[PDB]
Structures are given as C-alpha cells and as structure tokens.
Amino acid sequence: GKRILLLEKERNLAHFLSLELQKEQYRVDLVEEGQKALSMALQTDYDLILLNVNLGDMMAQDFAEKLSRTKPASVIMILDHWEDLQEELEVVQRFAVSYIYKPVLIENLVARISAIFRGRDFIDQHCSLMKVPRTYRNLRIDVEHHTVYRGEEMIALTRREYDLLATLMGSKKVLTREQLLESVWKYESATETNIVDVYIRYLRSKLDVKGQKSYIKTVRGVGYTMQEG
C-alpha cells in the first residue's frame, strides 16, 4: 500500500480526494499544517506528498528544501489554481515531480498519481531497455505472444523454457549457470544451479532436430549459449 501525505487547503476537496485515493488502496495521511506535514515527512517515508504552492505557515518551496536536506529525492506533487502555480512555476518545476491545476476532477488526479507511482516503480527495477533478438537460425520469436516457431511449426515452449531461450539469445557472451539462475529465476531466491540443466534439457528436447546441430551450446567449462548452425 503506497503512502501519501496530503495537505490540501480546500477541506471539501481534501475529504473527497482522500476517499478516492483510499479506494485505490493507498494509505492517506491527511494533514493541515505545513510544519506538521514536514515533521511527518521527516519521520516517515511517503511515496507521494501532495501540496499546494503555499502551505499556510510556509511555502512548498521551503518545505521541499528543508525536507531535501535528508530526503533529497522526495516525491512532491503540487496541486493549485492557475495564478498561484503560474507565479511560482519555475521553482515548482525544480522541486516537484509533477503539478496539476485546480479546478480538478478527482479521477484525473488519482490517475496522474497512479502514473507517477508506476513510473517510480519502473525506475526502481533498474531496467535498462535493450534490443530484443527475434530470430536465431530458423527460429522465429513472437515476443508479444510469447511463442516460438521453428520454420513454420509452433514450438510449445513453456514459460520457463521461453524465458531461458530469450535469456540465452539476449546475450552474446556465454552465460554461467549462476547468471541463468539470476535471470530466469530472478527474485525467487533460487540456490541449486542444477535446475538450469534440467530446463536446458527440456529446451533442447523441444527445439533440437535430429541430424542437426543443437540450438543450445554447452560450454563444458562455464555454462551455456546459443549454438550457431
């Protein structure tokens, strides 16, 4: 459950925004004083802090600079009317992840907050996009359908097998059993590298053709890679 700190000076809006955010299963701490919002953000890591340009007892810009002393990458979004935001736009753009104008439909606001959260979560997986190979010899990879064809024949690779093939095709360098573990079984706390050899064998038995070189190369030393034909 993502945690949100909410200081909104229009109490009617605050109430209904809080309700809709909770409907999305976010946790909402509603607050009303700048200095108490700051003390709360210092002691609690919020996934999002939603503020107006002027908090009452301080400006959002001062809130953000103070907080930044210890939590410099804090996720702050500003919600305000046109004139208030326009007057401070340049500074808001510096400290705020995003800003949105009142008057505001709550659903558009909740939608923007969800986008920010997804975008932050994507950065947090350290996913460096790389170009995907879609052929190898007479194998065709249909990435959108997670299907594989040998010539025109669909090969019914399971998910794990599909994943193993893609990991091998994705690396020019040979991969160790350990690197394969950390790839195809990433996040699962897998220990035995012996399961790698089970699934190589499953993979070969689906792909390889008799009289032909195997599509998978065993580098007896180190690990596995794809087998040039």
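When you see a residue number, it is the position in the sequence shown, counting from 1.
Residue stretch of maximal mean CA temperature factor, 125-133 vs 98-106: Between 98-106 and 125-133, it is 125-133 that shows the higher mean C-alpha B-factor.
Once you work out the mean C-alpha B-factor for both 10-18 and 204-212 from the entry, which is higher? Result of the comparison: 204-212.
With respect to the C-alpha temperature factors reported in the PDB entry, which of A64, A190, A166, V184 ranks highest? Out of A64, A190, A166, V184, the record gives the largest C-alpha B-factor to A190.
If you rank the chain by CA B-factor, which third does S39 end up in: lowest, middle or highest? It falls in the middle third of the chain.
Against its chain's modelled residues, does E153's Cα B factor rank lowest, middle or highest third? Answer is highest: the recorded C-alpha B-factor places it there.
Chain-wide C-alpha B factor ranking for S68, given as lowest, middle or highest third: Middle third, going by the recorded CA B-factors of the chain.
By the recorded C-alpha temperature factor, relative to the other modelled residues in its chain, which third is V222 in? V222: CA B-factor falls in the highest third of its chain.
Give the position of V174 by CA B-factor within its chain, expressed as the lowest, middle or highest third. Answer is highest: the recorded C-alpha B-factor places it there.
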